[PDB]
């Protein structure tokens, strides 16, 4: 029993549509914060946490005990865990995707049996270039190896272009889905200045996926700062049943710290951005519903 996909809808194990409303947590870079940050994220009303893991490619590898620990903390706070490997971010090289795939297979014992509470986002932002065909071949090759390893989880696949070239999913997403004998794969767009730059763009990018009867989550998105239209991401996602996961709880480097949702790991002092996501129109408190498996 696990999550299932039918067209552009993701269903929990009780067959109830599940629309992710949640938050990215940079676990890989802040491993000891788990027992503070994960429950703090739950306290905000998030029904899903996207957990940044490392396969040791660029940062400190998250071992199998750590994977178990963080998924357990999510589950025991009534949140779905979207686990993701972050080390292939922006890279076109197949080798980086290979490393992520091998990581999931290495960690399969922490994952098997958790199909109703864990969704596997194969690699964050793999394939930085805007090339639908090449992006597709990567996942056409990758998905069967995961299935062969006995991983039956819903798989989440990031669009090419660091998640910001959703044309890739429109043009090749069905080919990628077809490569999954389980027919249980969904797609993610990351919406920043390009893919989420204005209302029209947000709507067009969501439409170009779900109108292909492919399931979609906005696995990361941002906000306007010194343009990203978080209002439309929030409202149009709600209208269409499209899930989203805001980036990110805490710990961005100085260059991106405008993206921190919370001043503190415990979430007692949200930033303006955190307040918008948690307490604002179409945000977590207003629209997030827990997976019915809980």
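Numbering follows the first chain given and starts at 1.
According to the record, the deposited sequence contains 1 to 3 residues between residue 226 and residue 227 that were left without coordinates. Remark: stretch with higher mean C-alpha B factor among 122 to 130 and 105 to 113 is 105 to 113.
When 239 to 247 is weighed against 255 to 263, 255 to 263 comes out higher, by mean CA B-factor as recorded in the entry. Which of 232, 48, 33, 58 has the largest Cα B-factor in the deposited entry comes down to 58. Annotation for residue 280: CA B-factor lies in the highest third of the chain's modelled residues. In the deposited entry, the Cα temperature factor of residue 88 sits in the middle third of values across the chain's modelled residues. Annotation for residue 158: CA B-factor lies in the lowest third of the chain's modelled residues. When the modelled residues of the chain are ordered by their C-alpha B factor, residue 65 lands in the highest third. For residue 135, the recorded CA B-factor ranks within the lowest third of the chain. Only modelled residues enter the ranking.
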